[PDB]
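Engineer: Please see the structure below; I have some questions.
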Amino acid sequence: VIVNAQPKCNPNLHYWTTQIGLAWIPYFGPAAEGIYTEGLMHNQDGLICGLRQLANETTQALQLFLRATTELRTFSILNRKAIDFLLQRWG
Amino acid sequence: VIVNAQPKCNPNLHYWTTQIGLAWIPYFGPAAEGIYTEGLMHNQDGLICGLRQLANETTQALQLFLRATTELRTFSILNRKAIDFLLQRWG
Amino acid sequence: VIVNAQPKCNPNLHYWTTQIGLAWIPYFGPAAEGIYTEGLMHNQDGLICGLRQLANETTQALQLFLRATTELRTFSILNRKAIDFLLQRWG
Amino acid sequence: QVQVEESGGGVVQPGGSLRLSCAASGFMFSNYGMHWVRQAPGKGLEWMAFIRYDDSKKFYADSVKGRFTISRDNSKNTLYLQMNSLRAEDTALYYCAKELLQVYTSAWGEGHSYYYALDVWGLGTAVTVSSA
Amino acid sequence: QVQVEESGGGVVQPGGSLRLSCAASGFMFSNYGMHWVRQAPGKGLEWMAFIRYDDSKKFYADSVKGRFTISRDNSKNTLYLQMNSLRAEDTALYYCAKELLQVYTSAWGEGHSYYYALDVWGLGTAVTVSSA
Amino acid sequence: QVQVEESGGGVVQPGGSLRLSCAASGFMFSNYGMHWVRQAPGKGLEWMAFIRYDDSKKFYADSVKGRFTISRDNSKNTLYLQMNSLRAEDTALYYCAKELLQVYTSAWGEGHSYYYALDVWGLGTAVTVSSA
Amino acid sequence: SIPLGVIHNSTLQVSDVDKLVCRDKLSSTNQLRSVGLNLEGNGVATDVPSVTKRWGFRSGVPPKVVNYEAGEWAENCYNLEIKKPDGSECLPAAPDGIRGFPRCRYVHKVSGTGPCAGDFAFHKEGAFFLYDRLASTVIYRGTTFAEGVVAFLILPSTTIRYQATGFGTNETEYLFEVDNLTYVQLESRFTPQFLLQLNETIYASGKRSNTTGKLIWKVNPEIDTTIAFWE
Amino acid sequence: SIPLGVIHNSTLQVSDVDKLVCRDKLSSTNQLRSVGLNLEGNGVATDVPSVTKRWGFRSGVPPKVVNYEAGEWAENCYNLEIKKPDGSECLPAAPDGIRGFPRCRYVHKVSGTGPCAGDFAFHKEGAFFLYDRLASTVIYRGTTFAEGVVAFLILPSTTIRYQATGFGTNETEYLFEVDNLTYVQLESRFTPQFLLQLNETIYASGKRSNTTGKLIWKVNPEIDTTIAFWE
Amino acid sequence: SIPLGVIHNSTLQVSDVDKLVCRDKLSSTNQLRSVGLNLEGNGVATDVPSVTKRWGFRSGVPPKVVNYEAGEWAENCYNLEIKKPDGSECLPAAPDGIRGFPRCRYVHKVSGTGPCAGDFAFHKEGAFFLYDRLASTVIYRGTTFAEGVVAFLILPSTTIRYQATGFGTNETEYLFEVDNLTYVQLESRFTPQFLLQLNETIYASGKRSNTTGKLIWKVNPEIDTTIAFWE
Amino acid sequence: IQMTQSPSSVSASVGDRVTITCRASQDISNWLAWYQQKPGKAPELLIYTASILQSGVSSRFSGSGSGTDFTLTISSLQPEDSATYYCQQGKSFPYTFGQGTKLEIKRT
Amino acid sequence: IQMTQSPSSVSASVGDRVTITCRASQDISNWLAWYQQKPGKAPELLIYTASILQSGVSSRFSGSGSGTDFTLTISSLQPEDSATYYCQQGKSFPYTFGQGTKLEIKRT
Amino acid sequence: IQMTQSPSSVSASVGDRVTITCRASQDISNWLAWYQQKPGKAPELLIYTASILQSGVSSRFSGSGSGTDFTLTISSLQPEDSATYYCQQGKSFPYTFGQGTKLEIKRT
Ligand SMILES: *[C@@H]1O[C@H](CO)[C@@H](O[C@@H]2O[C@H](CO)[C@@H](O[C@@H]3O[C@H](CO[C@H]4O[C@H](CO)[C@@H](O)[C@H](O)[C@@H]4O)[C@@H](O)[C@H](O[C@H]4O[C@H](CO)[C@@H](O)[C@H](O)[C@@H]4O)[C@@H]3O)[C@H](O)[C@H]2NC(C)=O)[C@H](O)[C@H]1NC(C)=O
Ligand SMILES: *[C@@H]1O[C@H](CO)[C@@H](O[C@@H]2O[C@H](CO)[C@@H](O[C@@H]3O[C@H](CO[C@H]4O[C@H](CO)[C@@H](O)[C@H](O)[C@@H]4O)[C@@H](O)[C@H](O[C@H]4O[C@H](CO)[C@@H](O)[C@H](O)[C@@H]4O)[C@@H]3O)[C@H](O)[C@H]2NC(C)=O)[C@H](O)[C@H]1NC(C)=O
Ligand SMILES: *[C@@H]1O[C@H](CO)[C@@H](O[C@@H]2O[C@H](CO)[C@@H](O[C@@H]3O[C@H](CO[C@H]4O[C@H](CO)[C@@H](O)[C@H](O)[C@@H]4O)[C@@H](O)[C@H](O[C@H]4O[C@H](CO)[C@@H](O)[C@H](O)[C@@H]4O)[C@@H]3O)[C@H](O)[C@H]2NC(C)=O)[C@H](O)[C@H]1NC(C)=O
Ligand SMILES: *[C@@H]1O[C@H](CO)[C@@H](O[C@@H]2O[C@H](CO)[C@@H](O)[C@H](O)[C@H]2NC(C)=O)[C@H](O)[C@H]1NC(C)=O
Ligand SMILES: *[C@@H]1O[C@H](CO)[C@@H](O[C@@H]2O[C@H](CO)[C@@H](O)[C@H](O)[C@H]2NC(C)=O)[C@H](O)[C@H]1NC(C)=O
Ligand SMILES: *[C@@H]1O[C@H](CO)[C@@H](O[C@@H]2O[C@H](CO)[C@@H](O)[C@H](O)[C@H]2NC(C)=O)[C@H](O)[C@H]1NC(C)=O
Ligand SMILES: *[C@@H]1O[C@H](CO)[C@@H](O)[C@H](O)[C@H]1NC(C)=O
Ligand SMILES: *[C@@H]1O[C@H](CO)[C@@H](O)[C@H](O)[C@H]1NC(C)=O
Ligand SMILES: *[C@@H]1O[C@H](CO)[C@@H](O)[C@H](O)[C@H]1NC(C)=O
Ligand SMILES: *[C@@H]1O[C@H](CO)[C@@H](O)[C@H](O)[C@H]1NC(C)=O
Ligand SMILES: *[C@@H]1O[C@H](CO)[C@@H](O)[C@H](O)[C@H]1NC(C)=O
Ligand SMILES: *[C@@H]1O[C@H](CO)[C@@H](O)[C@H](O)[C@H]1NC(C)=O
């Protein structure tokens, strides 16, 4: 598994993400500062310490991958992972 | 099926799309205003009324999806649909 | 197979591509002019003549495809090829 | 010929109200637009208000919004101006003015020209915001 | 020493044509470029044409394109200028001019310098577009 | 009252070195910053150096970097200036200057104001870079 | 989210993005095209004073832009140049890659002034603003566009100029332009062919302005219009 | 390269990009989210003079920008305005699409001067600079951000202004701002709540500058701080 | 469209995009690289007056840009600065992300004037203009590039300056630059090593311009060139 | 929506040619007017739209210009023109205009 | 980090009102100083921070300004002011300043 | 491709120092020429390329400049220079140039 080795580990991941009655249409829609769904998740068996270590182990390799291309705004990484996944199981 | 509920439905979809002898090379190629293939398609059993209603039902949800990201020029929607399709049948 | 029909064929493909001790972190990383891995590959049974002809046969069709879109910086061609490959074998 | 005359002036207390009567004759009054132009007796001209011919729009200067109200009547051939919340700077002459246009009826439907300016001016009436 | 002389002037009708003869002697004529400069008798100078030494390029002013034709002959050591479709503003003196260069032959191959300007001028010949 | 005095001048050879002594009395010297300002006898003022009150930073002008060294001592209430590699343009008066501040101690912790300027100037000492 | 329509051999059937449809056979990504359709087939009004009540201004939301591959031949296309009354610009300039809508039977070009209160211009009913193969949710300045929407599915020139006063309010006034001193005040009921007969009759019969000033015309409530658009 | 973490029903298990894991079940691309986490949970110091030793300048490498979908509520967010001593700009302007970090408990806004020697500003330990759903490896000017990193996985408001002198060196000096003639010199140990009690006490008790000049304050080594941040 | 070449264990075999090849085994997207190759291996001429007959200007088509991952070490690389005779710019400025071609044995830098009639510069035979991992179909100003093409497949420094007069026509004249008052008129047959011996001999033997004016040199038809480039 | 004239006090003798510069803050494009206000009198129109002289006024008054910089011009000054001249516009309808120029006749 | 004054030699008689323009290459925002250097004397502070007169100096000296363009002003000139006036600043600490203006009293 | 000189009529007496300003619409970079046209005579070269005096002409003529603003200068005027001076260039080969300056000697 992934074992945390940081000095501190905050076990409370207070998180924000993105996702009626005519709120969809942008002329009546909310401003940009209020389109964020909030939520709270607690330390369910080292999961947040696990993510805090996993983010550090993927930091350097992602930095390397971003050094290796020319796109100014990379977005297609998850799709490349899915296509790699499909080819690794069947292709 | 999809049933139209608009006030009017134009059953004639006059459509334009994009697709030799050295027309490929862009120095001899046509100008930008003439690279459009035209064509005509008639109402083959409510198909054009069906599209005119389906476009209205996908309008709001697409508006929502575009509110939910940060790409200034989204292009990868069809590829996400294909990857979702592959994962829903095998992944 | 692919048969070369050019006037000359250089059978030596001297090539450059892109791919520790804190070289990953970009503040200590190399400058832009030195991130290129070099290498040398010789004519292993018409392979370089084959690529030099294949590049000419895919030149015009790629030019056509690039005329047919609106993206200022196309990058997703290989992913479209992979998704086409997956759908042609299973989808 | 064409007569444009101001009336209804005098003196008034600060914070009061009065109404002017710009009567006119000698032309088709329901087809021409009318103005109001202010001139302080120590200063120059400054525009107040403008109504169109059909009473469709009302155009007001910046320093006179809300307090001052233009209106017209094409029955008695008479322009009116209702004033409220009067101040000490408003002591002035008040001009009512007729603008220029020719009426090209030789068509399927009417219409006219403008060349935006003023020709026929009244003498001006005197309004004083004071106690005496 | 170096002589540059205009010839072939006179008077000519409007719409006519004539040819000038700029003969020169005293230097290697096949190695130097030649010019044509116009001066109206009521005005100043203005450039007309320029040919290189080897007759490779011909450079024309804007108001003289098409109508006027430069040519040279390194046999008779003589510059020529053929003129067509003459107009009333063209009544002027016509100068033919020699430019400056030193010839650095001390190499494997020849070549020269420029410092673009003019030194040896002719007197000018007179051309009149009129009836008398 | 507040006395600021220069001392240690004279004459010196080119390429030599000397030290000035700016002694001062009549105020809390360990709480005020001190300056050095140069004036050639044929020219105007120009700044040389500045030290803070606690000897934390040292600020030098551009033409005096490396060669000149500021230092202070809050024991003997005396400013010092060490000079090396002297040149012929350095023949001047050397001013040492006291700056302005009030000391607001009425708090949990100290602190002061600035309004950056100079009030109490010394007379200046004379330094000559020559042979006589 | 975002349903993929399926052209079955019979008729159009919407597919679920939650349920798994085994009847779908998708063996290319040429079988996925993103088609954009026009509102004017749905039966909305088309004339400008009955359209720009559906446009408003709003501040503080960034635009978004999606592409589409095939479109419909438009009957009406619009183009805007709106300035604030002090002289500044209202609508943002067109970015790179933005070109006009390619096939337009009529192009309503509108210039003029209005109380621009906002940062952009959105569509009040939630439709997009179709451009050269790009659907956008703003209106960029000086680029000929239509109104319409976008649907996703599996497969198997005349210029009319206007003058606008008070563009963003409810009490707006539009002017038809014939000559640069000759205007006609619009109504709600004017169709474009009637306006084409109008500038033909005006410009031929010599009733334009023969002086320096403007000349504005009215239409009596007696004269018909020439014209479900497709009958 | 770039491992995809797997939230198993027990706990988090890293998966190999070289070995084939048949225990993974991936039946959507909604099951792939790219989450960005903050450094301040790892236990780094948070105060500005203990942070901007981790920023440097360097020239001749272009920036790169990647997106992320979900983030952490930040405890500290920074914002910069650094000028060269001649008056020019140090940090590049924000491109389009760049917005500030959305949820920030405290926003350290820093302006001032420094010997800017480079073309950009990178993170010396290799972390990213999280923005509005965009991870970047530079610091753009005038946009509120945090410090942190990004991890990939399978699922199933208060403003404090500073003044900075000598921003890029090792011998730097920071100033806390109360009023535009009233400053307090920072230390290494100051927490933000102590600074909030400080401007409350200063601005209430009338000890600001009542003249034209600046007024700088020191803190005795006797007065505690108010405050593992989460205890 | 766009065939994917297959490196079989024997040799290179093109695959059909219409027929289904079961012999292909594609188990990564690291096995897909997009390689760009140079024209100078095909045997085209390389000298500038035999190359810029293959460049023209044209107006009214937007550029397109595609990337590629691996390239060939170039023997000749070009760089342009062309101005219109009134003083304006001909070629558009380089956008962000555009950098020069990285490995270049010789860099022909060309400045000068020409009757620029068009909006861009395209390649008359249909090749691309390779940049720093980006293939483009225009020529951006001031960025060192090569000429070549791109192919898709499955896997398993010296500067020479010119002066150009009349760049876009058929009757053009190029000048080799030695010193800023010392020029040599080119021919069609000059190779770059001969030009390197030429500025060595000129700059050493003292035959540059010792006055204010320019100095142009000719070469007799007696002196050979130093040099299938790879023999 | 602002407009600023030449200096307000200009003096000349009878027979002189004088000009009055009028400057506008926005582009007006020939929607200007020059009004002659004799003292004790209502003002009167001289030239509308910067080109056309109104009937009844002699030809010694003229004016022209393009865009924002227009100019009224008296050909030869007459003693019957001791008046203050105004410069009004009507483009975007707040009808704002200049402050005025009083033209003084030199009589001791 | 540069500063340039008015011309260095200004002459006036007793009772005159004179001004000295001081220009700065960067934005200083009221961190200026005006120093009076009598000949044979150390200089003395007149006005710090462009607003406050120092104690001991009479009210005939004043000065003001905003940003980079400040100006010292003598109300009425006195014969005791034959001196050269300097314009110093202290914002970004190289402490550079102007070249000086010598004010000459007109005595034959 | 345009060039505009100083005003065409300049008058001076014998012994004066005069200058002639020559302005160019494009960057020329020292490709200029100054020609002396005596009346009844062909013109003659004085200075090519803005720096070098031609042989045969005395040293009282000089000229210099950088870029588009060049200037011919006579050191001391002589009575033998009643002539019109031209300012030609040769950079981009339409060879266009100025209109000329006639220098008048003051003799009653
Ligand atoms: C409303 O209705 C009126 C008609 O009632 C329209 O007016 C017509 O406008 C068109 C478009 O501008 C005109 O067509 C053009 O006519 C030009 C001739 O006029 C020019 O030359 C005369 C010479 O004295 C000038 O006096 C005059 O001011 C013009 O400068 C032609 O030069 C044009 O040719 C060009 O386009 C054609 C298109 O195929 C090309 O083939 C040519 O090579 C060239 O490029 C063109 O023919 C037309 O004359 C006008 N009158 C009539 C009666 O039709 C209004 O335009 C219309 N407005 C709207 C908004 O619909
Ligand atoms: C450090 O600590 C001090 C307190 O010790 C803080 O000072 C407070 O700052 C806030 C923010 O500016 C102040 O709150 C505002 O007060 C305004 C009233 O003052 C204005 O009007 C008076 C009238 O004479 C002027 O003299 C004065 O100069 C001001 O112009 C209100 O107008 C504000 O209302 C606005 O915001 C509220 C927010 O909800 C809205 O509801 C309102 O509609 C309106 O938009 C606001 O209330 C506060 O007064 C200051 N003092 C105190 C004692 O709290 C420093 O800001 C703080 N600094 C830092 C960096 O933390
Ligand atoms: C055509 O051929 C000639 C040779 O025949 C070339 O001329 C050589 O050009 C190179 C490149 O500029 C020169 O190399 C440099 O020399 C400099 C010394 O000259 C400078 O200093 C003198 C001192 O009086 C000045 O008079 C003179 O004007 C110069 O300013 C060095 O300073 C350079 O060093 C730099 O680069 C090296 C590269 O490694 C670094 O190591 C250094 O630290 C420093 O950064 C450099 O050495 C050379 O001197 C020239 N002459 C010869 C005989 O080789 C033309 O350049 C060439 N043209 C083309 C287009 O090919
Ligand atoms: C411009 O045209 C209009 C009509 O198209 C002219 O107005 C009419 O001119 C006739 C000429 O005798 C008069 O009888 C009418 O009374 C006029 N009508 C009106 C309403 O006044 C006008 O004169 C023309 N102007 C010019 C300058 O040509
Ligand atoms: C510049 O150099 C050239 C040759 O490299 C010189 O030209 C020759 O100079 C010699 C010197 O006696 C003469 O004998 C030759 O006749 C000259 N050649 C020509 C074609 O004239 C030139 O003099 C040098 N100039 C300077 C200023 O140094
Ligand atoms: C500004 O406030 C400070 C203190 O907050 C004042 O300084 C003190 O003022 C009292 C008033 O009698 C004196 O007794 C003290 O000696 C002062 N302290 C110092 C260090 O000088 C100051 O006077 C106030 N200034 C203004 C203009 O109000
Ligand atoms: C337009 O909106 C304003 C805003 O309140 C309102 O006062 C006015 O009556 C409205 N007019 C119409 C015609 O709707
Ligand atoms: C209208 O257009 C014509 C066409 O040349 C032009 O001459 C005239 O000045 C224009 N008038 C206005 C008011 O723009
Ligand atoms: C800061 O760095 C400089 C660079 O050499 C060094 O001289 C100085 O001593 C350093 N100071 C500290 C406190 O590290
Ligand atoms: C500080 O802010 C106040 C607020 O209005 C302002 O009046 C004052 O001039 C400011 N002072 C400085 C030095 O910026
Ligand atoms: C170049 O093209 C022009 C265009 O017509 C032609 O006149 C000329 O003869 C051509 N010259 C050569 C050498 O091809
Ligand atoms: C050529 O370059 C040298 C190098 O310093 C320079 O001094 C000279 O002025 C240049 N000449 C021209 C004509 O640019």
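FYI, nothing fancy with the structure tokens labels: chains A, B, ... in order, residues from 1 per chain, ligands from 1 as they appear.
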With only C-alpha atoms considered, list every residue of chain K at most 7 Å from chain F, as a PyMOL selection string.
Structural biologist: chain K and resi 31+33+42+44-45+48-49+90+94-96+99
Engineer: Output N, CA and C atoms of each residue in that selection to a file, as a short mmCIF file (atom, residue, chain, number, x, y, z; two decimals), in the first residue's frame.
Structural biologist:
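Saved the output as out.cif:
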data_model
loop_
_atom_site.label_atom_id
_atom_site.label_comp_id
_atom_site.auth_asym_id
_atom_site.auth_seq_id
_atom_site.Cartn_x
_atom_site.Cartn_y
_atom_site.Cartn_z
N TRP K 31 7.70 61.73 -0.88
CA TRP K 31 8.94 61.57 -0.12
C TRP K 31 10.03 62.49 -0.68
N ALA K 33 12.35 66.44 -0.14
CA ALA K 33 12.95 67.35 0.82
C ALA K 33 13.61 68.51 0.09
N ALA K 42 26.65 74.85 6.50
CA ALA K 42 26.00 73.58 6.28
C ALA K 42 24.58 73.82 5.79
N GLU K 44 20.40 73.21 5.48
CA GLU K 44 19.38 73.14 6.52
C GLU K 44 18.06 72.69 5.90
N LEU K 45 17.27 71.95 6.68
CA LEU K 45 15.98 71.46 6.21
C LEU K 45 14.92 72.56 6.20
N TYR K 48 10.22 68.83 4.67
CA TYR K 48 10.25 67.40 4.44
C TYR K 48 8.88 66.94 3.97
N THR K 49 8.89 65.91 3.12
CA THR K 49 7.70 65.20 2.61
C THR K 49 6.73 66.12 1.86
N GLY K 90 13.98 60.24 -0.73
CA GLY K 90 14.41 59.07 0.02
C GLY K 90 13.60 57.81 -0.19
N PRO K 94 18.59 54.65 -3.12
CA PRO K 94 19.91 55.14 -3.49
C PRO K 94 20.06 56.63 -3.25
N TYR K 95 19.00 57.30 -2.79
CA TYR K 95 19.03 58.68 -2.28
C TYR K 95 19.54 59.68 -3.30
N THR K 96 19.34 59.38 -4.57
CA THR K 96 19.81 60.27 -5.62
C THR K 96 18.85 61.43 -5.77
N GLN K 99 20.31 68.48 -9.21
CA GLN K 99 21.61 69.13 -9.36
C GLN K 99 21.68 70.47 -8.65
#
Engineer: Taking the chain letters and numbering used in this document, name the residues of chain E that DSSP puts in strand (DSSP E), as an MDAnalysis selection string.
Structural biologist: chainID E and resid 3:5 10:12 17:25 34:39 45:51 58:60 68:73 78:84 92:99 111:113 118:121 125:129
Engineer: Please identify all protein, DNA and RNA residues within 10 Å of ligand 8, counting only C-alpha atoms and all ligand atoms, and report them as a list in words.
Structural biologist: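 I would give the residues around ligand 8 as residues 179, 180, 181, 182, 212, 213 and 214 of chain G; 29, 30 and 31 of chain J.
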Engineer: Write the residues of the selection above to a file with C-alpha atoms, as a tab-separated table (two decimals), in the first residue's frame.
Structural biologist:
chain	number	residue	atom	x	y	z
G	179	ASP	CA	-28.97	55.60	-47.95
G	180	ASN	CA	-26.72	57.24	-45.37
G	181	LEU	CA	-29.17	60.12	-45.10
G	182	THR	CA	-32.25	57.99	-45.79
G	212	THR	CA	-27.81	67.51	-45.95
G	213	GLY	CA	-30.16	66.24	-43.24
G	214	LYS	CA	-31.54	62.81	-42.51
J	29	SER	CA	-20.20	64.32	-38.45
J	30	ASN	CA	-21.77	67.63	-39.54
J	31	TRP	CA	-24.56	67.87	-36.98
Engineer: Select the residues contacting ligand 7 at a distance of at most 8 Å, based on only C-alpha atoms and all ligand atoms, then format the selection as an NGL selection string.
Structural biologist: :G and (169-171)
Engineer: Please check the contacts: residues of chain B at most 12 Å away from chain I, using only C-alpha atoms, listed as a PyMOL selection string.
Structural biologist: chain B and resi 19+22-35
Engineer: Need the shell around residue K:9: protein/DNA/RNA residues with any atom at most 9 Å away, counting only C-alpha atoms. Skip same-chain ones fewer than 2 positions apart. Format as a PyMOL selection string?
Structural biologist: chain K and resi 6-7+11+100-104
Engineer: How would you write, as a short mmCIF file (atom, residue, chain, number, x, y, z; two decimals) with N, CA and C atoms, in the first residue's frame, the set of residues no farther than 10 Å from ligand 5 when counting only C-alpha atoms and all ligand atoms?
Structural biologist:
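Final output, saved to result-v6.cif:
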data_model
loop_
_atom_site.label_atom_id
_atom_site.label_comp_id
_atom_site.auth_asym_id
_atom_site.auth_seq_id
_atom_site.Cartn_x
_atom_site.Cartn_y
_atom_site.Cartn_z
N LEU E 101 32.32 54.08 -58.33
CA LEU E 101 32.73 52.74 -57.95
C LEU E 101 34.22 52.59 -58.17
N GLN E 102 34.86 51.82 -57.31
CA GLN E 102 36.21 51.36 -57.58
C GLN E 102 36.16 49.87 -57.90
N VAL E 103 37.09 49.42 -58.74
CA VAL E 103 37.04 48.08 -59.30
C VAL E 103 38.14 47.25 -58.65
N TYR E 104 37.77 46.44 -57.67
CA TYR E 104 38.74 45.63 -56.93
C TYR E 104 38.92 44.31 -57.67
N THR E 105 39.88 44.27 -58.58
CA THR E 105 40.15 43.05 -59.33
C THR E 105 41.12 42.13 -58.62
N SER E 106 41.77 42.61 -57.56
CA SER E 106 42.82 41.85 -56.88
C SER E 106 42.18 40.75 -56.05
N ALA E 107 41.72 39.71 -56.75
CA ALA E 107 41.11 38.55 -56.12
C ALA E 107 41.07 37.41 -57.12
N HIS E 112 33.01 44.96 -57.28
CA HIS E 112 33.24 46.38 -57.11
C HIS E 112 32.41 46.91 -55.96
N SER E 113 32.63 48.17 -55.64
CA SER E 113 31.96 48.87 -54.56
C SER E 113 30.88 49.78 -55.12
N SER I 205 42.14 37.83 -45.50
CA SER I 205 43.09 38.47 -46.39
C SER I 205 42.93 39.98 -46.49
N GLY I 206 42.01 40.57 -45.73
CA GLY I 206 41.90 42.01 -45.68
C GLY I 206 41.18 42.64 -46.86
N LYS I 207 40.39 41.87 -47.59
CA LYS I 207 39.69 42.38 -48.76
C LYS I 207 38.28 42.84 -48.45
N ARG I 208 37.98 43.17 -47.20
CA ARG I 208 36.69 43.76 -46.93
C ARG I 208 36.68 45.24 -47.30
N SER I 209 35.52 45.86 -47.13
CA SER I 209 35.39 47.27 -47.47
C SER I 209 36.10 48.15 -46.45
N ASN I 210 37.08 48.91 -46.93
CA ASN I 210 37.82 49.85 -46.09
C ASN I 210 37.32 51.29 -46.25
N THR I 211 36.16 51.47 -46.87
CA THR I 211 35.50 52.77 -46.99
C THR I 211 34.08 52.66 -46.45
N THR I 212 33.29 53.72 -46.66
CA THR I 212 31.94 53.75 -46.13
C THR I 212 30.95 52.94 -46.95
#
Engineer: What residues have any atom no more than 7 Å from ligand 1 when counting only C-alpha atoms and all ligand atoms, and can you list them as a VMD selection string?
Structural biologist: chain G and resid 159 to 161 177 to 178 196 199 to 204
Engineer: Could the residues in this selection be saved with C-alpha atoms as an mmCIF file, in the first residue's frame?
Structural biologist:
data_model
loop_
_atom_site.group_PDB
_atom_site.id
_atom_site.type_symbol
_atom_site.label_atom_id
_atom_site.label_comp_id
_atom_site.auth_asym_id
_atom_site.auth_seq_id
_atom_site.Cartn_x
_atom_site.Cartn_y
_atom_site.Cartn_z
ATOM 1 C CA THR G 159 -26.845 42.609 -46.767
ATOM 2 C CA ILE G 160 -29.400 44.719 -44.882
ATOM 3 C CA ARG G 161 -28.025 47.430 -42.613
ATOM 4 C CA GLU G 177 -31.143 51.993 -43.725
ATOM 5 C CA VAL G 178 -31.526 52.849 -47.395
ATOM 6 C CA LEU G 196 -36.141 44.811 -50.357
ATOM 7 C CA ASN G 199 -35.358 50.153 -50.984
ATOM 8 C CA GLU G 200 -36.015 49.286 -54.607
ATOM 9 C CA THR G 201 -38.986 51.669 -54.728
ATOM 10 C CA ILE G 202 -37.278 54.405 -52.698
ATOM 11 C CA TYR G 203 -33.909 54.299 -54.438
ATOM 12 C CA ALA G 204 -35.524 54.167 -57.867
#
Engineer: Could you tell me how far atom CA of residue A:10 lies from atom CA of residue H:41, in Å and to one decimal?
Structural biologist: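 So the two atoms, atom CA of residue A:10 and atom CA of residue H:41, lie 4.8 Å apart.
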Engineer: Taking only C-alpha atoms into account, which residues of chain K are within 8 Å of chain H, as a ChimeraX atom specification?
Structural biologist: /K:1,26,49,92
Engineer: May I have the residues within 9 Å of residue C:17 as a ChimeraX atom specification, using only C-alpha atoms and disregarding those fewer than 6 positions away in the same chain?
Structural biologist: /C:35-39 /I:69-72
Engineer: Selected residues, N, CA and C atoms, written as a compact mmCIF listing (two decimals), in the first residue's frame, please.
Structural biologist:
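Now in out_19.txt:
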# COMPACT_ATOMS: atom_id res chain seq x y z
N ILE C 35 17.12 19.28 -23.63
CA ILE C 35 16.21 18.27 -23.11
C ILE C 35 15.96 17.21 -24.16
N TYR C 36 16.83 17.14 -25.16
CA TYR C 36 16.62 16.29 -26.31
C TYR C 36 17.55 15.09 -26.28
N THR C 37 16.97 13.91 -26.24
CA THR C 37 17.74 12.69 -26.38
C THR C 37 18.05 12.49 -27.84
N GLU C 38 19.31 12.18 -28.14
CA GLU C 38 19.72 11.89 -29.50
C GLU C 38 19.85 10.39 -29.65
N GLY C 39 20.26 9.96 -30.84
CA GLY C 39 20.46 8.55 -31.11
C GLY C 39 20.68 8.37 -32.59
N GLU I 69 6.40 14.14 -32.58
CA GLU I 69 7.19 13.83 -31.41
C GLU I 69 8.67 13.67 -31.68
N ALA I 70 9.04 12.95 -32.73
CA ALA I 70 10.45 12.73 -33.04
C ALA I 70 10.75 13.27 -34.43
N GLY I 71 11.99 13.70 -34.63
CA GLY I 71 12.35 14.34 -35.88
C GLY I 71 13.71 13.89 -36.35
N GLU I 72 14.15 14.49 -37.45
CA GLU I 72 15.47 14.19 -37.99
C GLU I 72 16.39 15.38 -37.82
